Amino acid sequence: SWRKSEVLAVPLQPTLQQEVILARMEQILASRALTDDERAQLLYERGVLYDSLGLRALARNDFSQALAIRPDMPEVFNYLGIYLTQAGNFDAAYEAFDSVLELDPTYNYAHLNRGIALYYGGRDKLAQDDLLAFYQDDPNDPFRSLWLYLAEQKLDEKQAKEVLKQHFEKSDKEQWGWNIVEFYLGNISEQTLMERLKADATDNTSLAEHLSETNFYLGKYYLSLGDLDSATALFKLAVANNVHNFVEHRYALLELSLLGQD
Amino acid sequence: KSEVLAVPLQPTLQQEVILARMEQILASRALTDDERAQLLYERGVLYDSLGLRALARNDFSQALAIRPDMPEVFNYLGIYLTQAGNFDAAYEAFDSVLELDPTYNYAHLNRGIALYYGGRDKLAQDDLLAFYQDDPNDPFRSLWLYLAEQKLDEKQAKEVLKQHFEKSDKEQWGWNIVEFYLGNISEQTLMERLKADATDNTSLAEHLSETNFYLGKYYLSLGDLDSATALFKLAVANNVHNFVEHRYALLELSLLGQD
């Protein structure tokens, strides 16, 4: 009923170019004219594309095949750890991100992703160490502050908001996601946030991507207030955008999976 | 509040396992032309069901090149032509379907829909009446016939819908939507019945996909573009890629966006 009043995108669809590329990849992979390094590479690329299309099992199959050809692929263990997190296997996810960082200690995203895994794994203090490390590599990225806030808020919400406020204040305030931060701080209404979101989006994909991020963070906000019905609706609304490779899409599905259990 | 939404449908592990296996079989020289054609068709159907309609059309076209007597393939190719807005070419594809196989009934539904979208409502009504006649208890056949008749004569279209409802067993869930069309119940009541009838996330998504399309068409026919647009997006958000209502919610949204 209320759903007709929401800010909504057309759920994202595969593009023709993406489909053309997958068709060509099938043909090249089928041919006998690739060296192992060229194969491992192409399998990784196809895996990234399939993940981006929401086909995470086909992505996993490709990543794993590439890894068996070329073991030195932090990029693959990264995806594998994300998928373990999405599956609720946090212990194994930690071991995957540990492998990422042993192969390549500069592969940053493993801190983000291991942090998220630790968060969902109930290890808030350790999550903060990884998410702080990630934040430090780019303090202007509002999503890094949002994740650090999430990891501090169960323990000390008051302090979490003080920290988030400090992060917002230090930042250049340029990237759109700081709006989500201002909503979390109580500076703006949800109406103001949604207005700002529609105003910023200029086509369907930018709209879908804002709604995927924003509805996930609104979902977590309501969830942490104990409003399960709003949280649920908001996670569903996030996923409806079909931004398959966003962290917020992944963990919106995860949060829905957790609400479905209880 | 959350119960009027489904979790958007996702590929299942089995669907992805089947695709991976299909790739390796197609890469082999183990297939006769007839086996290859069939496997290509099957992959195409799966691709289609996952929303990967260009990969599907690739498989379908290749299958047809190997085995030209495939009404099944022309039917999908017709559907894609309708989705793409190429209604004349769509009519020709469905013509080929029916010339290869006059009993390929769904071609009449699909050509009907294509004629509707192509603005040929009287021609669309011949195909949709014929499709109706083949299964009068299928509410969706009455809904599409109604949609086609209502632009020409709304009073008459309603009176035929009313007779179709009356004559039907009124069992299938789609008759609820017909009841809303007929003015018997409120939209809220429809959505309450939908929630009560769905059993799990996939049937909820499938109901929401159908229902939101027909609600969107109702609003669109009243000139309420905003409600329509929301409803069509809400239909698509279910990810029921292979439903008529999904395909044409997407088409309607492309027509609305073109404006």
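Looking across the stretch B:1-37, the residues that are surrounded by fewer than 16 Cβ atoms within 10 Å (Cβ to Cβ), touching a residue at least 12 places away in the same chain (Cβ under 8 Å) and farther than 30 Å from A:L256 by Cβ come down to B:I25, B:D33, B:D34.
Looking only at residues that are in contact with a helix residue (DSSP H, G or I) (Cβ under 8 Å, 6 or more places away or on another chain), among the polar types (S, T, N, Q) and without any contact (Cβ under 8 Å) to a residue 40 or more places away in the chain in the stretch B:212-259, which one is farthest from B:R43 (Cα to Cα)? It comes out as B:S227.
Exactly one residue out of A:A30, A:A40 is facing chain B (nearest Cβ under 7 Å), of a type in the set (G, A, S), more than 22 Å from B:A230 (Cα to Cα) and touching a helix residue (DSSP H, G or I) at 6+ places or on another chain (Cβ under 9 Å): that is A:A30. A single member of A:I82, A:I69 is away from chain B (no Cβ under 14 Å) and farther than 25 Å from A:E255 by Cβ, and it is A:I69. Pairs meeting the criteria (first residue in the stretch A:161-176 and outside any loop (DSSP other than H, G, I, E, B), second residue crowded, with 18+ Cβ neighbours inside 10 Å, beta carbons under 6 Å, at least 6 apart or on different chains) are A:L164/A:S145; A:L164/A:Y149; A:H167/A:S145; A:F168/A:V181. Of all residues in the stretch A:10-19, those satisfying the criterion of being more than 7 Å from chain B (Cβ to nearest Cβ) and touching a helix residue (DSSP H, G or I) at 6+ places or on another chain (Cβ under 7 Å) are A:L12, A:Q18.
Just a yes or no: is a residue in the stretch B:202-214 touching a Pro at 6+ places or on another chain (Cβ under 8 Å) and within 28 Å of B:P11 (Cβ to Cβ)? Yes: one or more hits. For the stretch B:132-140, the count of residues that are assigned to a helix (DSSP H, G or I), surrounded by 19 or more Cβ atoms within 10 Å (Cβ to Cβ) and among the polar types (S, T, N, Q) is zero. Scanning the stretch B:207-227 for residues that are within 11 Å of chain A (Cβ to nearest Cβ) and outside any helix (DSSP H, G or I) yields one hit, B:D224. Filtering the stretch A:228-249 for residues that are of a type in the set (F, W, Y) and within 14 Å of chain B (Cβ to nearest Cβ) leaves a non-empty set.
Of all residues in the stretch A:237-250, exactly one satisfies the criterion of being surrounded by fewer than 24 Cβ atoms within 10 Å (Cβ to Cβ), part of a helix (DSSP H, G or I) and of a type outside the set (A, V, I, L, M), namely A:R250. Of all residues in the stretch B:181-200, none are under 24 Å from B:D48 (Cβ atoms), touching a residue at least 12 places away in the same chain (Cβ under 8 Å) and within 11 Å of chain A (Cβ to nearest Cβ). If you go through the stretch B:73-91 and pick out every residue that is surrounded by fewer than 19 Cβ atoms within 10 Å (Cβ to Cβ) and over 17 Å from B:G112 (Cβ atoms), you end up with 1. For A:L55, the requirement of being among the aliphatic types (A, V, I, L, M) and more than 8 Å from chain B (Cβ to nearest Cβ) is not met. Criterion applied to B:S61, B:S49 was being within 13 Å of another protein chain (Cβ to nearest Cβ) and more than 30 Å from B:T211 (Cα to Cα), and the one residue passing it is B:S61. Quick check on the stretch A:55-69. Is at least one of its residues crowded, with 20+ Cβ neighbours inside 10 Å, hydrophobic (A, V, I, L, M, F, W, C) and in contact with a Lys or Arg (Cβ under 7 Å, 6 or more places away or on another chain)? Scanning the stretch A:55-69, I find no residue that is crowded, with 20+ Cβ neighbours inside 10 Å, hydrophobic (A, V, I, L, M, F, W, C) and in contact with a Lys or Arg (Cβ under 7 Å, 6 or more places away or on another chain), so the answer is no.
Cβ: placed from backbone, ideal geometry, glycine included. Neighbour counts: every protein chain shown. Quick note: the coordinates plus some simple rules give every number you see, no bench work behind them.
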